[PDB]
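In what follows, a structure is listed as C-alpha coordinates, so that the remarks can point back to it.
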Amino acid sequence: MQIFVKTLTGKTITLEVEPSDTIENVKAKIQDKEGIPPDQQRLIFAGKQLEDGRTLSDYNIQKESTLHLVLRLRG
Amino acid sequence: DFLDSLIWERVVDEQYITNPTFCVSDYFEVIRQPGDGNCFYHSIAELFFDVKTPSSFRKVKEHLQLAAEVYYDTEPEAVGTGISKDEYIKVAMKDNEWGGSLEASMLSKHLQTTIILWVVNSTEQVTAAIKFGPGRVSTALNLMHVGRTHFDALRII
(Lines of atoms letter the chains of each structure in order from A and count residues from 1; the text may use other names and numbers.)
(Lines give C-alpha, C1' and ligand atoms only; values in the text may rest on other atoms or scores of the structure.)
Protein backbone atom coordinates (compact mmCIF):
# COMPACT_ATOMS: atom_id res chain seq x y z
CA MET A 1 0.00 0.00 0.00
CA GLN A 2 1.53 3.25 -1.27
CA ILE A 3 0.90 6.45 0.72
CA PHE A 4 2.05 10.01 0.14
CA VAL A 5 3.92 12.28 2.56
CA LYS A 6 4.27 16.02 1.86
CA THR A 7 7.11 18.01 3.49
CA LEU A 8 7.43 21.69 4.40
CA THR A 9 9.29 22.57 1.18
CA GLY A 10 6.51 20.86 -0.81
CA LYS A 11 8.54 17.71 -1.41
CA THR A 12 6.54 14.48 -1.61
CA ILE A 13 7.64 11.02 -0.48
CA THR A 14 6.09 7.78 -1.72
CA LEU A 15 5.90 5.03 0.91
CA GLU A 16 4.93 1.36 0.93
CA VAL A 17 3.11 0.68 4.23
CA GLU A 18 0.54 -1.65 5.89
CA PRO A 19 -2.60 -0.31 7.75
CA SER A 20 -1.53 -2.15 10.92
CA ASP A 21 1.80 -0.23 11.07
CA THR A 22 2.14 2.18 14.01
CA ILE A 23 3.03 5.87 13.65
CA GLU A 24 6.46 5.08 15.14
CA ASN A 25 6.56 2.47 12.38
CA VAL A 26 5.91 4.96 9.56
CA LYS A 27 8.36 7.55 11.01
CA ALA A 28 11.01 4.79 11.05
CA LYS A 29 10.29 4.14 7.37
CA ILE A 30 10.69 7.88 6.68
CA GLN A 31 14.13 7.78 8.37
CA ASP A 32 15.15 4.87 6.12
CA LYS A 33 14.23 6.65 2.91
CA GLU A 34 14.84 10.34 3.62
CA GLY A 35 17.29 10.54 6.53
CA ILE A 36 14.89 12.43 8.76
CA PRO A 37 15.25 11.43 12.44
CA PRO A 38 11.87 10.33 13.93
CA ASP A 39 12.17 12.62 17.00
CA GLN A 40 12.25 15.52 14.52
CA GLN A 41 9.11 14.51 12.57
CA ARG A 42 5.56 15.84 13.03
CA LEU A 43 3.01 13.67 11.21
CA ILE A 44 -0.18 15.61 10.50
CA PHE A 45 -3.35 14.32 8.82
CA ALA A 46 -7.04 15.38 8.67
CA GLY A 47 -6.31 18.32 11.01
CA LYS A 48 -4.56 16.47 13.83
CA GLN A 49 -1.01 15.37 14.71
CA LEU A 50 -0.66 11.60 14.81
CA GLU A 51 0.46 9.85 18.00
CA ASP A 52 3.08 7.08 18.19
CA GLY A 53 0.84 4.51 19.90
CA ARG A 54 -1.90 4.37 17.24
CA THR A 55 -1.80 2.50 13.93
CA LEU A 56 -2.58 3.87 10.46
CA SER A 57 -6.17 2.66 10.59
CA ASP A 58 -6.92 4.50 13.86
CA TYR A 59 -6.76 7.75 11.89
CA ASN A 60 -8.51 5.90 9.02
CA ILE A 61 -5.56 6.51 6.68
CA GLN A 62 -6.13 4.36 3.59
CA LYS A 63 -4.62 3.87 0.12
CA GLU A 64 -3.67 7.05 -1.79
CA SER A 65 -3.80 9.40 1.28
CA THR A 66 -1.37 12.33 1.68
CA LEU A 67 -0.03 13.07 5.19
CA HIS A 68 1.88 16.25 6.08
CA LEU A 69 5.44 16.08 7.32
CA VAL A 70 6.42 19.05 9.48
CA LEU A 71 9.95 19.20 10.88
CA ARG A 72 10.19 20.13 14.56
CA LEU A 73 11.91 23.51 14.20
CA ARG A 74 14.51 24.34 16.85
CA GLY A 75 17.44 26.77 16.83
CA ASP B 1 1.08 43.06 -1.48
CA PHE B 2 3.10 39.95 -2.40
CA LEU B 3 3.57 38.56 1.11
CA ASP B 4 -0.16 38.88 1.78
CA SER B 5 -0.94 37.18 -1.55
CA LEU B 6 0.60 33.92 -0.26
CA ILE B 7 -1.95 31.22 0.55
CA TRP B 8 -1.55 29.24 3.75
CA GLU B 9 -2.47 25.66 4.44
CA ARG B 10 -3.92 25.11 7.89
CA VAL B 11 -2.74 21.67 9.04
CA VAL B 12 -3.59 21.74 12.78
CA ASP B 13 -5.04 24.17 15.37
CA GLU B 14 -4.41 27.56 13.69
CA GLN B 15 -0.97 26.32 12.55
CA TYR B 16 -0.60 27.10 8.84
CA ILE B 17 2.14 26.15 6.35
CA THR B 18 3.25 27.42 2.90
CA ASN B 19 6.09 26.57 0.45
CA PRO B 20 7.06 29.53 -1.76
CA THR B 21 10.55 30.44 -3.04
CA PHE B 22 11.87 34.02 -3.01
CA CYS B 23 14.78 36.17 -1.86
CA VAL B 24 14.26 37.53 1.67
CA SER B 25 16.06 40.83 0.94
CA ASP B 26 13.39 41.72 -1.67
CA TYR B 27 10.51 41.83 0.83
CA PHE B 28 12.19 41.76 4.25
CA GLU B 29 14.94 43.69 5.99
CA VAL B 30 17.11 41.43 8.18
CA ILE B 31 18.12 42.39 11.74
CA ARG B 32 20.81 39.90 12.78
CA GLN B 33 20.90 38.30 16.24
CA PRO B 34 24.11 37.10 17.96
CA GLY B 35 25.01 33.40 18.25
CA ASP B 36 23.94 33.16 21.90
CA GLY B 37 21.64 30.19 22.20
CA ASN B 38 19.09 32.88 22.94
CA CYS B 39 18.69 34.17 19.36
CA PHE B 40 15.15 32.76 19.11
CA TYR B 41 14.02 34.94 22.01
CA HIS B 42 16.20 37.96 21.01
CA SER B 43 14.42 37.81 17.67
CA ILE B 44 11.06 38.17 19.43
CA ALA B 45 12.46 40.95 21.66
CA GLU B 46 13.52 42.89 18.55
CA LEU B 47 10.03 42.84 17.03
CA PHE B 48 7.80 42.89 20.13
CA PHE B 49 9.21 45.84 22.12
CA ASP B 50 10.11 49.40 21.11
CA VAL B 51 13.65 49.36 22.46
CA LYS B 52 15.41 45.98 22.55
CA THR B 53 18.04 45.55 25.27
CA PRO B 54 20.42 42.58 25.53
CA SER B 55 18.42 41.38 28.58
CA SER B 56 14.93 41.86 27.05
CA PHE B 57 14.76 38.23 25.86
CA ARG B 58 14.01 37.33 29.49
CA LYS B 59 10.72 39.21 29.27
CA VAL B 60 9.69 36.95 26.38
CA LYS B 61 11.02 33.96 28.33
CA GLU B 62 8.94 35.23 31.29
CA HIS B 63 5.94 35.19 28.94
CA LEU B 64 6.80 31.65 27.82
CA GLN B 65 6.65 30.39 31.40
CA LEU B 66 3.26 32.05 31.85
CA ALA B 67 2.20 30.66 28.44
CA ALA B 68 3.39 27.08 29.09
CA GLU B 69 1.47 27.10 32.36
CA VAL B 70 -1.81 27.03 30.46
CA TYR B 71 -1.03 25.93 26.87
CA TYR B 72 1.62 23.15 27.03
CA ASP B 73 -0.93 20.39 27.79
CA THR B 74 -2.79 21.10 24.49
CA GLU B 75 0.15 21.75 22.16
CA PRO B 76 0.34 19.29 19.21
CA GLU B 77 4.15 19.46 18.94
CA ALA B 78 4.57 18.85 22.68
CA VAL B 79 2.14 15.90 22.59
CA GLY B 80 4.46 14.11 20.13
CA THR B 81 7.26 13.96 22.74
CA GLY B 82 6.10 12.32 26.00
CA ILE B 83 7.74 15.14 27.98
CA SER B 84 5.74 16.52 30.94
CA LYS B 85 5.02 20.27 31.33
CA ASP B 86 7.36 20.41 34.34
CA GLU B 87 10.04 18.31 32.60
CA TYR B 88 9.91 20.90 29.78
CA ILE B 89 10.10 24.16 31.79
CA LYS B 90 13.13 23.17 33.92
CA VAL B 91 15.07 22.89 30.66
CA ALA B 92 13.55 25.60 28.42
CA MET B 93 14.09 28.34 31.02
CA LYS B 94 17.75 27.45 31.54
CA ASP B 95 20.16 29.92 29.90
CA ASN B 96 21.29 29.57 26.24
CA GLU B 97 18.65 26.89 25.63
CA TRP B 98 17.35 26.66 22.04
CA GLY B 99 13.71 27.25 21.19
CA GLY B 100 11.60 27.45 18.05
CA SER B 101 8.28 26.11 16.80
CA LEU B 102 6.91 24.84 20.12
CA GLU B 103 7.58 28.17 21.80
CA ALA B 104 6.42 30.09 18.75
CA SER B 105 3.07 28.32 18.97
CA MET B 106 2.62 28.83 22.75
CA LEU B 107 3.69 32.50 22.63
CA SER B 108 1.39 33.40 19.73
CA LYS B 109 -1.55 32.38 21.91
CA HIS B 110 -0.14 34.20 24.93
CA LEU B 111 0.82 37.58 23.52
CA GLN B 112 -2.07 37.37 21.04
CA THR B 113 0.06 38.11 17.99
CA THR B 114 0.64 35.65 15.16
CA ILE B 115 4.24 34.41 14.72
CA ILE B 116 5.84 33.14 11.49
CA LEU B 117 9.01 31.05 11.02
CA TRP B 118 10.60 31.38 7.57
CA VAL B 119 12.88 28.51 6.70
CA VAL B 120 15.71 29.86 4.51
CA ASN B 121 18.47 28.62 2.16
CA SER B 122 22.23 29.01 2.30
CA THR B 123 21.28 31.13 -0.73
CA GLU B 124 19.26 33.39 1.62
CA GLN B 125 16.11 32.16 -0.11
CA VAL B 126 12.90 31.21 1.69
CA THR B 127 11.57 27.74 0.77
CA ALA B 128 8.99 27.13 3.48
CA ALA B 129 7.10 28.97 6.25
CA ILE B 130 5.03 28.12 9.34
CA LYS B 131 2.51 30.64 10.66
CA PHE B 132 1.20 30.41 14.21
CA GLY B 133 -2.19 32.11 14.44
CA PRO B 134 -4.71 33.41 11.87
CA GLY B 135 -2.99 36.74 11.12
CA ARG B 136 -1.80 38.11 7.80
CA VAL B 137 2.01 38.28 7.51
CA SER B 138 2.29 42.09 7.62
CA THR B 139 0.73 42.40 11.09
CA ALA B 140 2.59 39.22 12.15
CA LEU B 141 5.98 38.73 13.82
CA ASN B 142 8.31 37.38 11.15
CA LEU B 143 11.36 35.27 12.09
CA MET B 144 14.03 33.71 9.85
CA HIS B 145 15.44 30.20 10.51
CA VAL B 146 18.93 30.55 9.11
CA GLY B 147 21.04 27.40 9.45
CA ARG B 148 18.94 24.67 10.82
CA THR B 149 19.98 26.14 14.15
CA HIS B 150 19.59 29.95 14.21
CA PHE B 151 16.97 32.70 14.31
CA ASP B 152 17.19 36.31 13.10
CA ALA B 153 14.54 39.04 12.88
CA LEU B 154 12.57 40.38 9.89
CA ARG B 155 10.79 43.66 9.19
CA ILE B 156 8.66 44.14 6.05
CA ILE B 157 10.01 46.87 3.75
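One is the number of the first residue shown, and numbering goes on along the chain from there.
Quick reminder: no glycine exception, Cβ is built from N, Cα and C everywhere.
The feature domain 'OTU' is assigned by Swiss-Prot to B:28-157.
Residues or ranges marked as active site, for ubiquitin thioesterase activity by Swiss-Prot: B:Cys39 (among others). Take the CB of B:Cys39 (active site, for ubiquitin thioesterase activity) and look out to 10 A: across all protein chains shown you find 24 other CB atoms.
Classification of B:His150 (active site, for ubiquitin thioesterase activity) by DSSP places it in coil, neither helical nor stranded. Every protein chain shown contributes to the tally, and the Cβ of B:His150 (active site, for ubiquitin thioesterase activity) ends up with 20 other Cβ atoms within 10 Å. Feature annotation from Swiss-Prot assigns active site, for ubiquitin thioesterase activity to B:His150 (among others); the stated evidence is similarity to another entry.
Marked as active site, for ubiquitin thioesterase activity by Swiss-Prot on the basis of similarity to another entry: B:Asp152 (among others). Non-local contacts of B:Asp152 (active site, for ubiquitin thioesterase activity) by the CB criterion (under 8 A, 6+ apart in sequence, same chain) comprise B:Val30, B:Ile31, B:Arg32, B:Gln33, B:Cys39, B:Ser43, B:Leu143, B:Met144, B:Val146.
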Listed active-site residues (B:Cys39, B:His150, B:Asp152) that sit near chain A [CB under 8 A]: B:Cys39, B:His150
For the domain 'OTU' (B:28-157), the number of residues DSSP places in helix, strand and coil: 50 helix, 30 strand, 50 coil
